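Here is the structure we will look at.
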Amino acid sequence: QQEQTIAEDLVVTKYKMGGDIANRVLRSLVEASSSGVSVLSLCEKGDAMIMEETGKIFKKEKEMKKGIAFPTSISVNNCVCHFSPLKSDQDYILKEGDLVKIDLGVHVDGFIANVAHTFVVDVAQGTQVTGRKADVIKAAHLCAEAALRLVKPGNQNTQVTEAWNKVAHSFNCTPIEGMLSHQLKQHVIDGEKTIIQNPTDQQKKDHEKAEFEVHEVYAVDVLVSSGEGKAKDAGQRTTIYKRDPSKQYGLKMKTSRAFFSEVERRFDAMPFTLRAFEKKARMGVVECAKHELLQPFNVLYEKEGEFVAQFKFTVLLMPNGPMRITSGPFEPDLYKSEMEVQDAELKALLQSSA
């Protein structure tokens, strides 16, 4: 009963302002991406820009929390998600032709605006991206377009799941199995109401069918692969975590207890990167993650040589229709695929207005 929702104009404003910041920071990072650029540097730049820009709004409200909802993550080629290296980790240096996914989130007073975008590094003027890179990027963006049209009051999450499989297969691509798009609420990045990608038979049973409703907010997250779509851990150090306020445990080590306290104060229940702490965080993390006080956002990979594309946007289900508050700077004429959507209903859906 105490929820602040988009029925309130002020709440819509807070979402829109966080969305404007997310959009601006994303575009800055895309422009800063060129051959030879350090992924660590881009992650640090993104996060700092989020803090600086949120610092400049609602200045008179000195107690209002605002800042990072999802730390800047830059996941290249077959890397799926959540790459945000520690200073001590192996960095990654961008190469011409790399496929890059930038994923980040901003919050204003707990209202979250998440965005992610895919592009290719240093595409030359007057050329197009072709091949499997083009296939997977076009597939992922058409999945995003389909979701923009289908995530509306009265529709079912299952409709989205089905459309995504049809679109992706049109390009001989596969949405990554089991990945979720969450409803957002104030202070809640991971609402239990979700859209699931390409669920296994077991995932279909464990996942709840649901109907979208007016005043709900979603961070729609499309991740599509040129390969089988069964993402796996590959020994990469997890750096992104979130506190889970539903779980409690009295920690045995003073370092763990103090780390717990610092996490709660600084981040509440927003995902954060360990780079925000490096040694003393590493030990505190161990006990907290072990007893489920922190949830990891692991770095997952598709098969070597394959490509994973992503588009994520946040949408407000307003009485007058869906209102998207974030998006990436997608240029369709850049991508040429041998394939196209052939399905009549799907083609109709994609040509219709959003």
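How things are named: the first chain in the structure tokens is A, the next is B, and so on; residues count from 1 in each chain; ligands count from 1 in the order shown.
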Residues at most 12 Å from residue 8 in chain A, counting only C-alpha atoms, excluding those fewer than 5 positions away in the same chain, as number ranges by chain?
A: 3, 13-15, 215, 318
Kindly provide the residues of range 141-218 of chain A that approach range 243-266 of chain A to within 12 Å, each paired with its closest atom pair and their distance in Å to one decimal, based on only C-alpha atoms, listed by chain and increasing number, as a tab-separated table.
residue	atom	partner	partner_atom	distance
A:187	CA	A:245	CA	11.2
A:188	CA	A:244	CA	10.5
A:189	CA	A:244	CA	11.2
A:190	CA	A:244	CA	10.4
Output file for the selection above: N, CA, C and O atoms, as a compact mmCIF listing (two decimals), in the first residue's frame:
# COMPACT_ATOMS: atom_id res chain seq x y z
N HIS A 187 13.34 1.15 -5.65
CA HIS A 187 14.35 0.39 -4.86
C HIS A 187 14.45 -1.09 -5.24
O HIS A 187 15.14 -1.85 -4.56
N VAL A 188 13.78 -1.50 -6.32
CA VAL A 188 13.71 -2.92 -6.68
C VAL A 188 14.05 -3.12 -8.16
O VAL A 188 13.24 -2.81 -9.05
N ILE A 189 15.26 -3.61 -8.43
CA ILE A 189 15.71 -3.86 -9.80
C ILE A 189 15.25 -5.21 -10.34
O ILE A 189 15.30 -5.44 -11.56
N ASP A 190 14.80 -6.08 -9.43
CA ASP A 190 14.54 -7.47 -9.75
C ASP A 190 13.15 -7.93 -9.34
O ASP A 190 13.03 -8.92 -8.62
Using only C-alpha atoms: which of A:309, A:42, A:10, A:316 has the shortest distance to residue 119 in chain A
A:309
Show which residues sit within 9 Å of residue 34 in chain A, as number ranges by chain. Count only C-alpha atoms, and ignore same-chain residues fewer than 3 positions away.
A: 30-31, 37, 94-96, 121-122
I'd like the contact shell of residue 131 in chain A - 9 Å cut-off, only C-alpha atoms, skipping same-chain residues fewer than 5 positions apart - returned as number ranges by chain.
A: 136, 336-338
Residue selection dump (N, CA, C and O atoms) as a PDB file, in the first residue's frame:
ATOM      1  N   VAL A 136      23.123 -11.314 -35.864  1.00  0.00           N
ATOM      2  CA  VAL A 136      22.752 -11.334 -34.441  1.00  0.00           C
ATOM      3  C   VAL A 136      22.315  -9.947 -33.947  1.00  0.00           C
ATOM      4  O   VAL A 136      21.378  -9.814 -33.134  1.00  0.00           O
ATOM      5  N   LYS A 336      23.757  -5.366 -42.709  1.00  0.00           N
ATOM      6  CA  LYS A 336      23.227  -6.073 -43.866  1.00  0.00           C
ATOM      7  C   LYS A 336      23.281  -7.582 -43.589  1.00  0.00           C
ATOM      8  O   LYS A 336      24.354  -8.136 -43.375  1.00  0.00           O
ATOM      9  N   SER A 337      22.121  -8.237 -43.546  1.00  0.00           N
ATOM     10  CA  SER A 337      22.054  -9.686 -43.365  1.00  0.00           C
ATOM     11  C   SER A 337      21.533 -10.351 -44.631  1.00  0.00           C
ATOM     12  O   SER A 337      20.710  -9.759 -45.335  1.00  0.00           O
ATOM     13  N   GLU A 338      22.001 -11.573 -44.887  1.00  0.00           N
ATOM     14  CA  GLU A 338      21.486 -12.441 -45.961  1.00  0.00           C
ATOM     15  C   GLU A 338      20.004 -12.783 -45.676  1.00  0.00           C
ATOM     16  O   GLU A 338      19.249 -13.137 -46.596  1.00  0.00           O
TER      17      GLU A 338
END
Residues flagged strand (DSSP E or B) by DSSP in range 18-255 of chain A, as number ranges by chain:
A: 38, 66-76, 79-81, 93, 99-108, 111-120, 129, 156, 174-175, 180-185, 188, 194-196, 211, 217-225, 232-233, 240-243
Saved selection, atoms kept: C-alpha atoms, as an mmCIF file, in the first residue's frame:
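Result file follows (result.cif):
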data_model
loop_
_atom_site.group_PDB
_atom_site.id
_atom_site.type_symbol
_atom_site.label_atom_id
_atom_site.label_comp_id
_atom_site.auth_asym_id
_atom_site.auth_seq_id
_atom_site.Cartn_x
_atom_site.Cartn_y
_atom_site.Cartn_z
ATOM 1 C CA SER A 38 40.617 0.100 -22.337
ATOM 2 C CA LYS A 66 20.539 8.762 -6.560
ATOM 3 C CA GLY A 67 23.361 7.300 -8.600
ATOM 4 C CA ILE A 68 24.225 3.895 -10.059
ATOM 5 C CA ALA A 69 21.477 1.239 -10.436
ATOM 6 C CA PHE A 70 23.681 -1.095 -12.491
ATOM 7 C CA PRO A 71 27.423 -0.615 -12.788
ATOM 8 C CA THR A 72 28.762 0.041 -16.275
ATOM 9 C CA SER A 73 29.438 -3.357 -17.858
ATOM 10 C CA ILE A 74 31.077 -3.901 -21.232
ATOM 11 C CA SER A 75 30.799 -7.371 -22.666
ATOM 12 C CA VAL A 76 32.550 -8.049 -25.953
ATOM 13 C CA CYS A 79 30.967 -12.547 -23.576
ATOM 14 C CA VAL A 80 27.296 -12.285 -22.597
ATOM 15 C CA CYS A 81 27.092 -9.946 -19.649
ATOM 16 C CA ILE A 93 41.495 -3.629 -25.065
ATOM 17 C CA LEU A 99 31.063 -6.419 -31.165
ATOM 18 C CA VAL A 100 30.526 -4.482 -27.927
ATOM 19 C CA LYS A 101 27.550 -4.547 -25.485
ATOM 20 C CA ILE A 102 27.407 -1.639 -22.999
ATOM 21 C CA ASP A 103 24.941 -2.172 -20.147
ATOM 22 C CA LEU A 104 24.319 0.351 -17.338
ATOM 23 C CA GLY A 105 21.599 1.670 -15.011
ATOM 24 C CA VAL A 106 20.841 4.923 -13.211
ATOM 25 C CA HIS A 107 18.441 5.583 -10.319
ATOM 26 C CA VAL A 108 16.844 8.740 -8.975
ATOM 27 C CA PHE A 111 13.432 4.779 -9.528
ATOM 28 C CA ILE A 112 15.545 2.825 -12.005
ATOM 29 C CA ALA A 113 16.377 3.468 -15.648
ATOM 30 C CA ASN A 114 18.325 0.610 -17.235
ATOM 31 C CA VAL A 115 19.725 0.579 -20.794
ATOM 32 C CA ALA A 116 21.982 -1.569 -22.954
ATOM 33 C CA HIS A 117 23.150 -1.222 -26.540
ATOM 34 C CA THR A 118 25.293 -3.117 -29.058
ATOM 35 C CA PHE A 119 27.580 -1.758 -31.773
ATOM 36 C CA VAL A 120 30.744 -2.700 -33.681
ATOM 37 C CA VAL A 129 28.532 -4.771 -40.957
ATOM 38 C CA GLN A 156 0.900 -11.876 -21.573
ATOM 39 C CA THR A 174 18.927 -18.079 -30.587
ATOM 40 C CA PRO A 175 17.947 -15.994 -27.545
ATOM 41 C CA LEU A 180 14.883 -12.572 -17.454
ATOM 42 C CA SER A 181 13.403 -9.111 -17.961
ATOM 43 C CA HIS A 182 12.135 -7.771 -14.605
ATOM 44 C CA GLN A 183 9.363 -5.481 -13.524
ATOM 45 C CA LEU A 184 10.925 -2.493 -11.718
ATOM 46 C CA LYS A 185 9.650 -0.830 -8.537
ATOM 47 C CA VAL A 188 13.705 -2.921 -6.681
ATOM 48 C CA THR A 194 9.310 -11.351 -15.426
ATOM 49 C CA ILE A 195 9.557 -12.089 -19.145
ATOM 50 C CA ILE A 196 11.730 -15.177 -19.784
ATOM 51 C CA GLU A 211 -0.282 -10.303 -17.676
ATOM 52 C CA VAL A 217 7.486 -0.535 -15.354
ATOM 53 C CA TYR A 218 9.769 -3.065 -17.075
ATOM 54 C CA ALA A 219 13.450 -3.225 -18.010
ATOM 55 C CA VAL A 220 13.084 -5.292 -21.176
ATOM 56 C CA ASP A 221 16.410 -7.095 -21.816
ATOM 57 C CA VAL A 222 17.096 -8.874 -25.125
ATOM 58 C CA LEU A 223 20.241 -11.058 -25.358
ATOM 59 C CA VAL A 224 20.574 -13.080 -28.585
ATOM 60 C CA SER A 225 23.369 -15.417 -29.698
ATOM 61 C CA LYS A 232 28.191 -20.740 -19.316
ATOM 62 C CA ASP A 233 30.588 -19.637 -16.623
ATOM 63 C CA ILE A 240 29.062 -7.314 -9.643
ATOM 64 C CA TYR A 241 26.891 -8.164 -6.630
ATOM 65 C CA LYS A 242 23.688 -6.992 -4.997
ATOM 66 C CA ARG A 243 22.581 -7.182 -1.371
#
Residues near residue 319 in chain A, anyone? I mean within 9 Å using only C-alpha atoms, not counting same-chain ones fewer than 5 positions away, as a PyMOL selection string.
chain A and resi 7+153+214-215
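Closest approach to residue 289 in chain A among A:351, A:46, A:230, A:239: A:239, based on only C-alpha atoms.
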With DSSP run on the backbone, what are the alpha helix (DSSP H) residues within range 140-333 of chain A? I'd like them as a compact mmCIF listing (two decimals) with N, CA and C atoms, in the first residue's frame.
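out.txt was written with the following content:
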# COMPACT_ATOMS: atom_id res chain seq x y z
N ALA A 140 18.63 -9.20 -32.58
CA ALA A 140 18.41 -8.65 -31.25
C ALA A 140 17.60 -7.36 -31.34
N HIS A 141 17.89 -6.50 -32.32
CA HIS A 141 17.14 -5.25 -32.36
C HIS A 141 15.70 -5.45 -32.76
N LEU A 142 15.46 -6.37 -33.69
CA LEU A 142 14.06 -6.68 -34.04
C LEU A 142 13.33 -7.31 -32.85
N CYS A 143 14.03 -8.10 -32.03
CA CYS A 143 13.41 -8.61 -30.78
C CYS A 143 13.03 -7.45 -29.84
N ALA A 144 13.90 -6.46 -29.72
CA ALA A 144 13.60 -5.25 -28.93
C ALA A 144 12.37 -4.50 -29.46
N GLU A 145 12.32 -4.31 -30.79
CA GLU A 145 11.18 -3.66 -31.46
C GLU A 145 9.87 -4.43 -31.22
N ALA A 146 9.93 -5.75 -31.33
CA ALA A 146 8.76 -6.61 -31.08
C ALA A 146 8.28 -6.42 -29.63
N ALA A 147 9.22 -6.48 -28.68
CA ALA A 147 8.89 -6.30 -27.26
C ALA A 147 8.30 -4.91 -26.96
N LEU A 148 8.82 -3.86 -27.60
CA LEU A 148 8.25 -2.52 -27.42
C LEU A 148 6.75 -2.51 -27.77
N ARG A 149 6.39 -3.27 -28.80
CA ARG A 149 4.99 -3.34 -29.26
C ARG A 149 4.13 -4.30 -28.45
N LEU A 150 4.75 -5.31 -27.86
CA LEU A 150 4.02 -6.38 -27.18
C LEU A 150 3.92 -6.23 -25.65
N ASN A 157 3.18 -12.17 -20.79
CA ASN A 157 4.65 -12.27 -20.96
C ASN A 157 5.02 -13.34 -21.99
N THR A 158 4.26 -14.44 -21.99
CA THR A 158 4.48 -15.56 -22.92
C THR A 158 4.48 -15.15 -24.39
N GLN A 159 3.67 -14.16 -24.74
CA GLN A 159 3.58 -13.66 -26.11
C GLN A 159 4.94 -13.10 -26.55
N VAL A 160 5.59 -12.41 -25.62
CA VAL A 160 6.91 -11.83 -25.88
C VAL A 160 7.95 -12.94 -26.10
N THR A 161 8.01 -13.89 -25.18
CA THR A 161 8.88 -15.05 -25.27
C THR A 161 8.74 -15.75 -26.64
N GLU A 162 7.50 -16.00 -27.05
CA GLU A 162 7.24 -16.67 -28.33
C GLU A 162 7.71 -15.85 -29.54
N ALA A 163 7.43 -14.55 -29.52
CA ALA A 163 7.83 -13.67 -30.62
C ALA A 163 9.34 -13.63 -30.73
N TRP A 164 10.02 -13.58 -29.59
CA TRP A 164 11.48 -13.47 -29.62
C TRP A 164 12.10 -14.69 -30.28
N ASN A 165 11.58 -15.88 -29.96
CA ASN A 165 12.12 -17.09 -30.60
C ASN A 165 11.93 -17.05 -32.12
N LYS A 166 10.76 -16.60 -32.56
CA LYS A 166 10.44 -16.51 -33.99
C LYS A 166 11.33 -15.51 -34.72
N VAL A 167 11.51 -14.33 -34.12
CA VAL A 167 12.39 -13.32 -34.71
C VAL A 167 13.82 -13.83 -34.77
N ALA A 168 14.34 -14.34 -33.64
CA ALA A 168 15.76 -14.74 -33.61
C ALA A 168 16.07 -15.87 -34.61
N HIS A 169 15.19 -16.87 -34.65
CA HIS A 169 15.39 -18.00 -35.57
C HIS A 169 15.41 -17.55 -37.04
N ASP A 201 12.45 -26.70 -20.97
CA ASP A 201 11.19 -27.27 -20.48
C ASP A 201 11.02 -27.08 -18.96
N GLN A 202 12.10 -27.25 -18.19
CA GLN A 202 12.05 -27.03 -16.75
C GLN A 202 11.79 -25.55 -16.40
N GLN A 203 12.50 -24.65 -17.09
CA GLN A 203 12.31 -23.21 -16.90
C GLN A 203 10.88 -22.77 -17.19
N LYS A 204 10.25 -23.40 -18.19
CA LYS A 204 8.84 -23.16 -18.53
C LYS A 204 7.90 -23.51 -17.38
N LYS A 205 8.26 -24.55 -16.63
CA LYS A 205 7.45 -25.01 -15.49
C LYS A 205 7.65 -24.14 -14.26
N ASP A 206 8.89 -23.76 -13.99
CA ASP A 206 9.25 -22.94 -12.83
C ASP A 206 8.91 -21.45 -12.98
N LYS A 254 34.85 -10.00 11.62
CA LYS A 254 34.65 -8.54 11.73
C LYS A 254 34.74 -7.83 10.38
N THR A 255 35.62 -8.33 9.50
CA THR A 255 35.77 -7.76 8.16
C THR A 255 34.49 -7.93 7.35
N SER A 256 33.86 -9.10 7.47
CA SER A 256 32.61 -9.40 6.77
C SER A 256 31.47 -8.54 7.30
N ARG A 257 31.40 -8.40 8.62
CA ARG A 257 30.35 -7.58 9.21
C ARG A 257 30.48 -6.13 8.77
N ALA A 258 31.71 -5.60 8.80
CA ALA A 258 31.94 -4.21 8.40
C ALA A 258 31.68 -4.02 6.90
N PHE A 259 32.07 -5.01 6.09
CA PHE A 259 31.79 -4.97 4.64
C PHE A 259 30.27 -4.95 4.38
N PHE A 260 29.54 -5.86 5.03
CA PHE A 260 28.08 -5.86 5.02
C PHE A 260 27.51 -4.47 5.33
N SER A 261 28.03 -3.83 6.38
CA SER A 261 27.53 -2.52 6.78
C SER A 261 27.79 -1.46 5.71
N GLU A 262 28.97 -1.51 5.12
CA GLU A 262 29.33 -0.54 4.06
C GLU A 262 28.47 -0.72 2.80
N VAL A 263 28.22 -1.96 2.42
CA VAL A 263 27.33 -2.27 1.30
C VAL A 263 25.93 -1.71 1.54
N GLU A 264 25.38 -1.94 2.73
CA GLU A 264 24.03 -1.50 2.98
C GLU A 264 23.94 0.02 2.92
N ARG A 265 24.90 0.69 3.55
CA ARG A 265 24.90 2.15 3.59
C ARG A 265 25.04 2.74 2.19
N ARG A 266 25.99 2.21 1.42
CA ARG A 266 26.38 2.86 0.16
C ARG A 266 25.46 2.51 -1.00
N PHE A 267 24.94 1.29 -1.00
CA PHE A 267 24.27 0.77 -2.20
C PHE A 267 22.86 0.29 -1.94
N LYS A 279 41.50 -5.37 -1.64
CA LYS A 279 41.76 -6.58 -0.85
C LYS A 279 40.71 -6.85 0.24
N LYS A 280 40.40 -5.82 1.03
CA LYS A 280 39.50 -5.95 2.18
C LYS A 280 38.05 -6.22 1.77
N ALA A 281 37.70 -5.83 0.54
CA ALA A 281 36.41 -6.16 -0.05
C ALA A 281 36.37 -7.62 -0.46
N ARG A 282 37.45 -8.08 -1.09
CA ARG A 282 37.58 -9.47 -1.54
C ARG A 282 37.32 -10.51 -0.44
N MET A 283 37.81 -10.27 0.78
CA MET A 283 37.53 -11.19 1.89
C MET A 283 36.11 -11.06 2.48
N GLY A 284 35.63 -9.83 2.61
CA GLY A 284 34.26 -9.60 3.07
C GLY A 284 33.23 -10.20 2.13
N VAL A 285 33.51 -10.11 0.83
CA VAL A 285 32.63 -10.71 -0.19
C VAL A 285 32.43 -12.20 0.00
N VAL A 286 33.51 -12.89 0.35
CA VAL A 286 33.50 -14.35 0.41
C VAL A 286 32.44 -14.86 1.37
N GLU A 287 32.48 -14.40 2.62
CA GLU A 287 31.51 -14.87 3.61
C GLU A 287 30.08 -14.42 3.29
N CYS A 288 29.93 -13.20 2.77
CA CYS A 288 28.60 -12.67 2.48
C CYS A 288 27.92 -13.41 1.33
N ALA A 289 28.67 -13.69 0.26
CA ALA A 289 28.14 -14.42 -0.89
C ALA A 289 27.82 -15.87 -0.50
N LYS A 290 28.69 -16.47 0.31
CA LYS A 290 28.50 -17.83 0.81
C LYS A 290 27.17 -18.02 1.53
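In terms of minimum interatomic distance to residue 89 in chain A, A:278 ranks closest within A:278, A:302, A:52, A:61, counting only C-alpha atoms.
Note that the spacing between CA of residue 312 in chain A and CA of residue 176 in chain A amounts to 13.9 Å.
Of the listed residues (A:155, A:353, A:200, A:186), A:155 comes nearest to residue 213 in chain A; the distances count only C-alpha atoms.
CA of residue 43 in chain A to CA of residue 84 in chain A spans 6.4 Å [interatomic distance, one decimal].
Comparing the minimum interatomic distances between residue 41 in chain A and each of A:307, A:212, A:92, A:330, counting only C-alpha atoms, we find that A:92 sits nearest.
Nearest to residue 56 in chain A of all the residues A:21, A:216, A:299, A:26 is A:21, counting only C-alpha atoms.
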